[PDB]
Structure formats: structure tokens, C-alpha cells
Amino acid sequence: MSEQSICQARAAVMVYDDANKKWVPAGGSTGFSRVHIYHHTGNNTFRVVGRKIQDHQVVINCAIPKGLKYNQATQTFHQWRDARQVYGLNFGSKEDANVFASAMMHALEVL
Ligand SMILES: CC[C@@H]1C=C[C@H]2CCN(C(=O)[C@@H]3CC[C@H]4C=C[C@]5(CCCN5C(=O)[C@H](Cc5ccccc5Cl)NC(C)=O)C(=O)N43)[C@@H]2C(=O)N1CC(=O)O
Numbered sequence: 001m002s003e004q005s006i007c008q009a010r011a012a013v014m015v016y017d018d019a020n021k022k023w024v025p026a027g028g029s030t031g032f033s034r035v036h037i038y039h040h041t042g043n044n045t046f047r048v049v050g051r052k053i054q055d056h057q058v059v060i061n062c063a064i065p066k067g068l069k070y071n072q073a074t075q076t077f078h079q080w081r082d083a084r085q086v087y088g089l090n091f092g093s094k095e096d097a098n099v100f101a102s103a104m105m106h107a108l109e110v111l
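For the sequence shown, position 107 matches number 107 in the deposited numbering, and the numbering has no gaps at all.
Written out as C-alpha cells, the structure reads:
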């Protein structure tokens, strides 16, 4: 397989609607997702890909660039921003937040 999952964590994936200063559910679909970080070993790249638990819709698919600032705002809500959007993960548990942050931080160390 070209891409290998390095973690799976449960979270409600949010994107920030700057115009209304409000978080809104990614993909317009309230509820929780299974959120992976996938590693493409060929070029050592990483992306966050999350799918709704119910209907499998992909609600996030974003690259993790070198130098990203991953903000652990709370024990259960982490966020980061790129050139177009601000993403937030409202984790199902502190354990899920810890798993995801570990993998993210690993990725950011090896990029
Ligand atoms: C899904 C509900 C949600 C859950 C939990 C809480 C936790 C706190 N919180 C926030 O939205 C916080 C409070 C202040 C506000 C102000 C601005 C925001 C919003 C937009 C981005 N931002 C930044 O602070 C970024 C972070 C950053 C730093 C460094 C690198 C990257 C980033 Cl992204 N700052 C820049 C300058 O990039 C922000 O997160 N905000 C969440 C929240 O209240 N709710 C409840 C609701 O919304 O009802």
C-alpha cells in the first residue's frame, strides 16, 4: 500500500467559518469521524483524512506541511491552520487527543 495509517482517533472534525466567527462541522455533517494520519513513505508526506462514522463521507483531507504549528488548545480540542482553512478536532476523549497529537508531532519531527 502506498499510504500507511499511523493513527486513528475519534473526533468531530470542525472548520472555522471566519466570516461568522464560528466553528462549523466539516463536510456540513454534524457528528464524529474516524480521523487518520496517513504516511506516504515514497516521498515522506503525511495527510489527515477523516471519515464520518455513520456514512463514511470524507470530511477532511489535508496535507501536513513541515513547520506546521499544531495547537493543543485544550485536552480534547486541537487545531491547526494552513493557507485556506482552520481546522479543529473535538476529540471523543483525552486518550484520542493524545493518540492523534502523538502521531502529528511525530510527523512534524520527521518531515
Ligand atoms: C467546536 C467548539 C469549540 C471547542 C473548544 C474550544 C477550545 C477553545 N475554542 C476556540 O474556538 C477558541 C477560543 C478563542 C477563539 C479564537 C480564535 C480561534 C478560532 C479560529 C482560530 N483560533 C485560534 O485561537 C487560533 C489557534 C491557533 C494557534 C496557533 C496555531 C494554530 C491555531 Cl488554529 N489562532 C490563530 C491566530 O491562528 C479559536 O480557536 N478560538 C473552542 C471553542 O470555543 N469551541 C466552542 C464554540 O465554538 O462554541
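Every residue, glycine too, gets a C-beta built ideally from N, C-alpha and C.
Next item on the list: Let me know if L89 comes out buried or exposed under the rule of 16 or more other beta-carbons within 10 Å of its beta-carbon.
Entry: buried
Checklist line | Sub-8 Å separation of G31 and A12 beta-carbons | finding: yes
Note to self: What does DSSP give as the partner residue(s) for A63 in the beta ladder?
What the structure shows: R47
Notebook entry, point to check: Considering only C-alpha positions, which residue in the set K66, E3 and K94 is nearest to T76?
Noted result: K94
Next item on the list: Measure from the alpha carbon of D55 to the alpha carbon of each residue in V49, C62 and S33, then state which is nearest.
Entry: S33
Notebook entry, point to check: Under a criterion of Cβ closer than 6 Å to any non-hydrogen atom of ligand 1, which residues qualify, in chain order?
Noted result: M14, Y16, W23, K69, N71, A73, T74, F77, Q79, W80, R81, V86, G88 and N90
Check: What residue range is occupied by the uninterrupted beta strand (DSSP E) comprising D17?
Finding: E3 to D17
Next item on the list: Put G88 into one of helix, strand or coil per three-state DSSP.
Entry: strand
Next item on the list: Less than 8 Å between the CB atoms is what I'm expecting for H40 and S2, so what's the real figure, rounded?
Entry: 6 Å
Next item on the list: Leaving out five residues on either side along the sequence, give the residues of the same chain with a beta carbon under 7 Å from the beta carbon of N61.
Entry: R47 and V49
Next item on the list: With a 10 Å radius around its C-beta and 16 neighbouring C-beta atoms as the bar for buried, classify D96 as buried or exposed.
Entry: buried
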